[PDB]
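Note that these values count all heavy atoms, side chains included, but never hydrogens, waters or copies made by symmetry. In this chain, residues are counted from 1 in sequence order. Remember, it's 1-based here, ligands and their atoms both numbered in the order they're listed.
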Amino acid sequence: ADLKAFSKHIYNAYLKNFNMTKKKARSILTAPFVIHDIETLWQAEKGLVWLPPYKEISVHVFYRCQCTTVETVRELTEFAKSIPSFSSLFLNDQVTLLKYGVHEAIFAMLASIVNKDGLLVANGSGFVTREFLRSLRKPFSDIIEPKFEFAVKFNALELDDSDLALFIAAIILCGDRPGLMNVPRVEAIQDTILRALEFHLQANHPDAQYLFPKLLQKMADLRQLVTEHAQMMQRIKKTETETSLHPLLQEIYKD
Ligand SMILES: CCCCN(c1cccc(-c2ccc(SC)cc2)c1C)S(=O)(=O)c1ccc(OCC(=O)O)c2ccccc12
Ligand SMILES: CCCCCCO[C@@H]1O[C@H](CO)[C@@H](O)[C@H](O)[C@H]1O
Ligand SMILES: CCCCCCO[C@@H]1O[C@H](CO)[C@@H](O)[C@H](O)[C@H]1O
């Protein structure tokens, strides 16, 4: 009943806080400058499309990834704060939820800007090919591929921005997070969001392909995806000594 209005407030918060909507993304994807080799990557840097001291091609890509990720974390923070029930939480719990939730949300939203062939970069000014990213030296290519596999299956669910606003909110407001102080309040908020989501999916996808429980599965898939990604990020930290890691991302991964 009150859930329809509750979803509108979340959707509003999403529209207010993210630079790239799926609506914007899909329209661009169907012109952005194409990065498919070293030459085009260099031409993208020469101002036409767009940091620590230069090392190499794969590390340059890794550095630009961090920049993007840091910026997405900022947006997710503002999104979450635009939800009143999130803002009533003590700041430590807010930080705990963002700590353990941002990468799950990042990979979910990433599907919005991805097709079988590649992904948009630089606020839609660029399109980097999947084949080009495959060509980067290990471990970077290994880290990248699973996100394509995830994003393609996820895009088959044909969610829109209003669906995603609730889905991301549910990811952030998660009672399972380690070190959470007020577990009961968060669980109660999660439950309201999930109820709003099921209600919203009924109204928005009337002939739903068992859509709500498939999204719950995707949430579990995202948790596994982040687990594996964190393991791969630990490998970078251990093996790539000369490569710098953004302080905030270091804080997120810590413990
Ligand atoms: C669907 C493929 C996603 C691949 N990764 C990603 C995500 C967003 C932007 C970019 C990117 C690509 C090209 C350029 S210029 C040629 C710039 C950016 C990439 C590679 S990823 O989502 O798998 C990914 C996410 C985050 C990473 O480190 C940051 C963090 O964990 O906070 C990644 C690090 C290495 C490889 C992929 C990363
Ligand atoms: C908004 C995203 C912030 C995620 C970084 C959280 O970083 C966390 O901050 C806590 C409070 O300073 C620290 O106690 C904790 O050690 C650190 O991992
Ligand atoms: C931008 C790259 C920052 C990632 C550095 C990874 O850092 C590591 O992540 C592990 C997670 O497996 C944590 O257990 C460990 O404490 C942390 O130092």
Hey, is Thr68 one of the residues with a heavy atom under 4.0 angstrom from ligand 1? no

Between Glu56 and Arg137, does any NZ, NE, NH1 or NH2 come within less than 4.0 Å of an OD or OE carboxylate oxygen? yes

Short N-O contact, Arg223 and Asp176, less than 4.0 angstrom: yes

For ligand 2, which atoms sit closer than 4.0 Å to a heavy atom of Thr77? 1 (C)

Does only the side chain of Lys254 get under 4.0 Å from ligand 2, or the backbone, or both, or neither? Count heavy atoms. side chain

Residue selection (non-hydrogen contact nearest atom 11 (C) of ligand 2) among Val102, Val95, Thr96, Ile252: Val95

Tell me which one of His229, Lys237, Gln234 satisfies side chain to side chain donor-acceptor pair (under 3.5 Å) with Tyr253. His229

Numbered atoms of ligand 3 (with element) below 4.0 Å of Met233, judged on heavy atoms: 1 (C), 2 (C), 4 (C)

Hey, does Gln250 come in under 3.5 Å of ligand 3, counting only N/O atoms on both sides? no

Element-labelled atoms of ligand 3 that are located less than 4.0 Å from some non-hydrogen atom of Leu249: 1 (C)

Proximity flag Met233 to ligand 1, non-hydrogen atoms under 4.0 Å: yes

Judged on heavy-atom distance to atom 13 (C) of ligand 1, which of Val59, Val73, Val61, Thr129 sits nearest? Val61

Does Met232 come within less than 4.0 angstrom of ligand 1, counting non-hydrogen atoms of the residue? no

Considering only heavy atoms, which of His246, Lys237, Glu228 lies nearest to atom 5 (C) of ligand 3? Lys237

Can you tell me if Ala151 has a non-hydrogen atom under 4.0 Å from ligand 1? no

Give a yes/no verdict on whether any heavy atom in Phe150 is under 4.0 Å from an atom of ligand 1. no

Is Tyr253 in polar range of ligand 1, meaning some N or O pair under 3.5 Å apart? yes

Can you find an N or O of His103 that's nearer than 3.5 Å to an N or O of ligand 1? yes

Taking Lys99 first and then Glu251, would you say they form a salt bridge - that is, a charged N and a carboxylate O separated by under 4.0 Å? no

Cation over ring, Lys147 on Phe107, under 6.0 Å and within 45°? yes

Any atoms of ligand 3 less than 4.0 Å from a non-hydrogen atom of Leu245? List them with their elements. 1 (C), 2 (C)

For the residue pair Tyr63 / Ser244, report whether a side-chain donor-acceptor contact shorter than 3.5 Å exists. yes

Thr40 and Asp37: side chain donor to acceptor below 3.5 Å: yes

Using a distance-only test with no angle check, is there a side-chain donor-acceptor pair under 3.5 angstrom linking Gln202 and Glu198? no

N/O separation below 3.5 Å, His229 to ligand 1: yes

Going by the order shown, which atoms of ligand 3 are within less than 4.0 Å of some heavy atom of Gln66? 1 (C)

Side chain, backbone, both or neither: the part of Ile236 lying under 4.0 Å from ligand 1 by heavy atom: neither

In this structure, does ligand 1 have an atom that sits under 4.0 Å from one of the heavy atoms of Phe127? no

Closest protein heavy atom (residue, atom, distance) for atom 4 (C) of ligand 3: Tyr253 CD1, 3.4 Å

Among all the protein's non-hydrogen atoms, which is closest to atom 14 (O) of ligand 3, and how far away is it? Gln234 NE2, 3.9 Å

Does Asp255 approach ligand 3 within less than 4.0 angstrom via side chain, backbone, both or neither, non-hydrogen atoms only? backbone

Heavy atoms only: which of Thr69, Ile143, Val49 is nearest to atom 29 (C) of ligand 1? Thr69

